[PDB]
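Peer 1: I have a structure here, written as structure tokens, and I will follow up with some questions on it.
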Amino acid sequence: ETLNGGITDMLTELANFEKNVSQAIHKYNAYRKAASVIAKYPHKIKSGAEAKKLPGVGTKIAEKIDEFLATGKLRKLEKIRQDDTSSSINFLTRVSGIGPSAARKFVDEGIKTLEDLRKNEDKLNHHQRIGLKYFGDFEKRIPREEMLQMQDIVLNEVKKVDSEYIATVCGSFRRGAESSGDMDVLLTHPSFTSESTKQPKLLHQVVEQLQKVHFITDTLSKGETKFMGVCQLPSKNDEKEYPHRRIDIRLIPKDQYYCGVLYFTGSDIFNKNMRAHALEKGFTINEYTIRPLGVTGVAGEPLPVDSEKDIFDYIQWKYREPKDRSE
DNA sequence: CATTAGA
DNA sequence: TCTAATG
Ligand code: NA
Ligand code: NA
Ligand SMILES: [Zn+2]
Ligand SMILES: [Zn+2]
């Protein structure tokens with residue numbers, strides 16, 4: 001956790017770079033299990049030889065380890081860190097819409113800088129355009145203070161349209177987070193469940209709504225169950241116009257909201273932990289459901305869930321307020 | 001791990 | 001169709 005800190009750190013830098021700059025999946029894939037194994041290893045690694053004892057730790061990796069060990073550095077790192085083509089790839093990637101594929105690609109043409117990205121808007125697709133467009137606003141953390149106003153709003157129109165519209169702003173803000181990266185609206189309605197062959201318009205109405213009011217400024221993407229957008233608070237009595245907020249709204253079968261709500265909220269650890277437990281209690285927990293286990297190794301039979309509660313009850317646990325869904 | 005663009 | 005990108 002801190003005993004094998006650097007070791008894992010460099011391993012990750014190292015892993016990462018393979019996978020981005022070079023399209024070296026495997027080397028990258030190497031750097032990770034190692035980076036993974038060595039993480040756990042309950043003893044302060046003092047030589048590569050020691051590491052080497054490890055599963056996933058080859059000769060190349062340890063080579064590095066010792067090097068890191070001796071000199072509080074690594075050449076491959078100093079070289080990478082330094083190197084432009086690489087620096088540029090990691091950079092550009094920051095644009096919403098820009099993964100490493102396109103990243104390398106642009107570089108190849110020489111769109112290393114941001115301005116580059118500008119003169120080359122033709123070269124960019126829709127998302128990527130909006131990426132570039134709210135480049136700053138996107139890097140920006142969302143103050144709860146605003147999460148509340150937004151949420152506020154979202155709730156009304158959700159309502160103004162149909163009263164059957166059940167909606168939850170999940171995520172960190174759900175667990176009292178003082179800020180968030182983007183607001184996530186978990187949405188379902190009674191007419192939509194496991195069975196009833198969809199009803200695309202259910203998601204659609206609402207997109208149109210928030211939009212009709214100006215909350216939704218743009219379309220990052222929009223499917224029949226998932227919509228990814230840009231939103232923004234009515235820049236008031238002016239002199240202070242709101243930053244464009246990243247937003248996501250997802251339509252759900254009502255019959256499987258909660259496991260999904262549970263899910264969406266996290267944290268990852270409460271999850272994995274809540275997830276670890278269900279199993280003991282003789283169950284199976286998923287991004288949408290909870291099934292009973294059957295000694296035959298496994299089982300099925302998706303249980304009836306009427307609240308974040310029921311699920312707990314199931315695995316018979318203490319209801320943990322979202323606020324304390326911390327770990 | 002699943003959903004959406006897009007080519 | 002696959003292949004990228006988000007989450
Ligand atoms: Na080994
Ligand atoms: Na990106
Ligand atoms: Zn020890
Ligand atoms: Zn989100």
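Residue numbers in this text run from 1 along the chain shown.
Structure method, as recorded: X-ray crystallography, 3.1 Å.
Cβ coordinates come from backbone N, Cα and C, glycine included.
According to Swiss-Prot, the protein has these features:
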| type | residues | note |
| --- | --- | --- |
| BINDING | A:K52, A:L54, A:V57 | Na(+) 1 binding site |
| MOD_RES | A:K64 | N6-acetyllysine |
| MOD_RES | A:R75 | omega-N-methylarginine |
| BINDING | A:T93, A:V95, A:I98 | Na(+) 2 binding site |
| BINDING | A:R141, A:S172, A:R175, A:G181, A:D182 | dTTP binding site |
| MOD_RES | A:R144 | omega-N-methylarginine |
| BINDING | A:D182, A:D184, A:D248 | Mg(2+) 2 binding site |
Peer 1: What whole-number Å value do you get for the CA-CA distance of A:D248 (Mg(2+) 2 binding site) and A:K64 (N6-acetyllysine)?
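Peer 2: The separation of the Cα atoms works out to 42 Å.
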Peer 1: Within its own chain, what residues at least 6 apart in sequence put their Cβ under 8 Å from the Cβ of A:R175 (dTTP binding site), listed in sequence order?
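Peer 2: Result: A:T265, A:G266, A:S267, A:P322, A:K323, A:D324, A:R325, A:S326.
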Peer 1: With the Mg(2+) 2 site defined by A:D182, A:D184, A:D248, which remaining residues of that chain have Cβ atoms positioned within 8 Å of the Cβ centroid?
Peer 2: A:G171, A:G181, A:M183, A:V185, A:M228, A:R246, A:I247, A:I249
Peer 1: Which recorded positions from the list A:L54, A:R75, A:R141, A:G181 come close to ligand 2, meaning a Cβ under 6 Å from one of its atoms?
Peer 2: none
Peer 1: Give the residue from the recorded positions A:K52, A:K64, A:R75, A:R141, A:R144 that has the most other Cβ atoms within 10 Å of its Cβ, counting over every protein chain displayed.
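Peer 2: Most Cβ neighbours within 10 Å: A:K64.
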Peer 1: Determine, using Cα-Cα distances only, which of these recorded positions is closest to A:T93 (Na(+) 2 binding site): A:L54, A:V57, A:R75, A:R141, A:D184.
Peer 2: A:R141
Peer 1: Which one is it, among the binding-site residues A:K52, A:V95, A:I98, that lies nearest to A:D182 (dTTP binding site) by Cα separation?
Peer 2: A:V95
Peer 1: For the C-alpha pair, I'd like the distance in angstrom between A:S172 (dTTP binding site) and A:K52 (Na(+) 1 binding site), rounded off.
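Peer 2: Between the alpha carbons of A:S172 (dTTP binding site) and A:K52 (Na(+) 1 binding site) there are 39 Å.
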Peer 1: Tell me whether A:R75 (omega-N-methylarginine) sits in a helix, a strand or coil according to DSSP.
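Peer 2: In the DSSP reduction, A:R75 (omega-N-methylarginine) maps to helix.
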Peer 1: Specify all same-chain residues, apart from the site residues A:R141, A:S172, A:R175, A:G181, A:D182, whose Cβ lies within 8 angstroms of the center of the Cβ atoms of the dTTP site, ordered by sequence.
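Peer 2: Other same-chain residues near the dTTP site: A:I142, A:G171, A:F173, A:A177, A:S179, A:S180.
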Peer 1: If you take the centroid of the Cβ atoms of A:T93, A:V95, A:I98, the listed Na(+) 2 site, which other residues of that chain have their Cβ within 8 Å of it?
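Peer 2: Checked against the 8 Å cutoff, the neighbours are A:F91, A:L92, A:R94, A:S96, A:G97, A:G99, A:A102, A:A103, A:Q128, A:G131.
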Peer 1: DSSP secondary structure for A:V57 (Na(+) 1 binding site), reduced to helix/strand/coil, please.
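Peer 2: For A:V57 (Na(+) 1 binding site) - judged by DSSP and reduced to three states - the answer is coil.
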